[PDB]
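Peer 1: Return atomic coordinates for the entry below.
(2 chains)
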Amino acid sequence: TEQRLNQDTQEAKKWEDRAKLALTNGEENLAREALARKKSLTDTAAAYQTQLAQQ
Amino acid sequence: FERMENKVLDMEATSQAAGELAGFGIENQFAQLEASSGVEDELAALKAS
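Peer 2: Numbers count the residues shown, from 1 in each chain, chains lettered A, B, ... in the order given. The coordinates are given below.
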């Protein structure tokens, strides 16, 4: 579960870089889409943090 | 000729089918922004050399 947490947290960093790239390219609609992927990864990472604390 | 023209529009319709496939390519397109800037960055270095 600690491996899944590190995978989804580095996937959130990847999407944050895609959001930065979209904003420099003026594609604000893709920046919002990337931020939505980032949010679902940080919210599932909090579920894995909870699972890991119990474990 | 008119019914054959209706048959010719089957090729035109097939062109839009490739356009819907290209729609998936538009979501993938951010990779082309990094690809295009990269080739100009090494080309600028090659021109400067």
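Peer 1: Show me which positions of the longest helix seen in chain B end up buried.
Peer 2: The longest helix of chain B (DSSP state H) is helix B:2-28. Within helix B:2-28, no residue is scored as buried using 16 or more other CB atoms under 10 Å in any protein chain shown. All C-beta spots, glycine's among them, are computed from the backbone N, C-alpha and C.
Peer 1: And for stretch A:48-55?
Peer 2: Result for stretch A:48-55 [16+ other CB under 10 Å]: buried residues residue A:48.
Peer 1: Could you export that stretch as CSV, CA atoms only?
Peer 2: Coordinates of the C-alpha atoms in stretch A:48-55 are reproduced here as CSV (Å, rounded to 0.1, in the frame of the first residue of the first chain):
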residue,chain,number,x,y,z
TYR,A,48,-4.0,4.9,1.0
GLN,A,49,-2.4,7.0,3.8
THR,A,50,-5.4,6.0,6.1
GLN,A,51,-5.0,2.3,5.0
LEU,A,52,-1.2,2.5,5.7
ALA,A,53,-1.7,4.0,9.2
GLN,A,54,-4.1,1.1,10.1
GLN,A,55,-1.6,-1.4,8.7
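Peer 1: Touching that stretch from outside, list them.
Peer 2: A:1, A:2, A:4, A:5, A:8 (CB atoms under 8 Å, 6 or more residues apart in numbering or on different chains).
Peer 1: what about burial for those, which qualify?
Peer 2: A:5, A:8.
Peer 1: ok, the contacts of stretch A:48-55 vs chain B, which is closest?
Peer 2: Within those, the smallest distance to chain B is 20.5 Å, found for residue A:8 (CB to the nearest CB).
Peer 1: can I assume the closest one is in contact with residue A:46?
Peer 2: No. With contacts counted by CB atoms under 8 Å, residue A:8 stays clear of residue A:46, the gap being 10.1 Å.
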